[PDB]
Amino acid sequence: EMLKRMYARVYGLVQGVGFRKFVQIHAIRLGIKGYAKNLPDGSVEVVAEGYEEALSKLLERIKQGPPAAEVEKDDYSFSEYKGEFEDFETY
């Protein structure tokens, strides 16, 4: 398998810092589809599909965030590609 589905969630100073826009820019550069979403607890989740290597690159960016973010904690999982998405959105 060359494709995967990734789920990731980050905590810390991760909302109001341009995080979703940052993830989207990187996802589009990497050819990844899915979305980034602000959650009510202050965390951000990302659901993404595409080449496993590209998803790993996107995860490295997710772990860092844009310069105004500070990611304190994360979790993530890679599972079977479902072919669910057509672009990369934010919510």
Side-chain angles (χ1 to χ4, degrees), residues 2-91:
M2 291 290 287
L3 304 178
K4 284 287 219 286
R5 182 181 188 100
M6 183 178 69
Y7 178 83
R9 186 162 169 197
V10 295
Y11 302 89
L13 168 52
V14 298
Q15 294 190 6
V17 293
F19 206 106
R20 287 172 297 177
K21 166 173 306 298
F22 164 93
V23 177
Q24 178 177 236
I25 282 164
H26 284 289
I28 297 173
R29 210 166 280 174
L30 281 161
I32 292 169
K33 296 176 179 339
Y35 63 90
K37 176 172 175 174
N38 277 4
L39 298 177
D41 65 342
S43 73
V44 182
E45 63 174 15
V46 174
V47 182
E49 287 188 335
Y51 286 110
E52 191 165 359
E53 286 187 316
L55 294 166
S56 290
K57 293 173 180 309
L58 183 62
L59 180 63
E60 296 179 48
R61 296 294 183 171
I62 287 163
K63 287 169 157 282
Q64 177 177 22
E70 180 69 31
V71 175
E72 296 276 82
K73 174 173 203 102
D74 62 65
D75 53 80
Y76 52 95
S77 66
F78 285 68
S79 62
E80 185 173 70
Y81 173 85
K82 293 310 182 172
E84 169 171 4
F85 305 107
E86 12 205 18
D87 58 13
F88 198 100
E89 294 188 293
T90 64
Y91 299 89

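Along the sequence shown, the residues carry numbers beginning at 1.
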Enter the distance from [X]:[atom1] to [Y]:[atom2] here, rounded to the nearest 0.5 Å.
X	Y	atom1	atom2	result
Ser79	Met6	OG	CE	10.5 Å
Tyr91	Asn38	OH	CG	13.0 Å
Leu58	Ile32	CG	CD1	4.0 Å
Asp87	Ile28	CG	CD1	7.5 Å
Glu60	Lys63	CD	NZ	9.5 Å
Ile62	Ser56	CD1	OG	10.5 Å

Minimal non-hydrogen separation, [X] against [Y], with atom names:
X	Y	value
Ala69	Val17	CB-CG2, 3.9 Å
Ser43	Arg9	OG-NE, 2.9 Å
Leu55	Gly50	CD1-O, 3.7 Å

Tell me if a side-chain donor or acceptor on [X] pairs with a main-chain N or O of [Y] at a distance below 3.5 Å.
X	Y	answer
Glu49	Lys82	yes
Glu70	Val14	no
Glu84	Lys33	no

Within one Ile-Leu-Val-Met-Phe-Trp-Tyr cluster: [X] and [Y], side-chain cutoff 4.5 Å:
X	Y	value
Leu59	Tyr81	no
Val44	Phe85	no
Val23	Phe78	yes

Just so I know, are the side chains of [X] and [Y] near enough to count as touching, which here means a heavy-atom distance under 4.5 Å?
X	Y	answer
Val47	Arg5	yes
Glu45	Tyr35	yes
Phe88	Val46	yes

Next item on the list: Go through the structure and list residues passing ring pair (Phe, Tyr, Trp, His ring centres under 6.0 Å) with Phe22, not counting sequence neighbours.
Entry: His26
Notebook entry, point to check: ring pair (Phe, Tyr, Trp, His ring centres under 6.0 Å) with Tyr11: which residues, sequence neighbours excluded?
Noted result: none
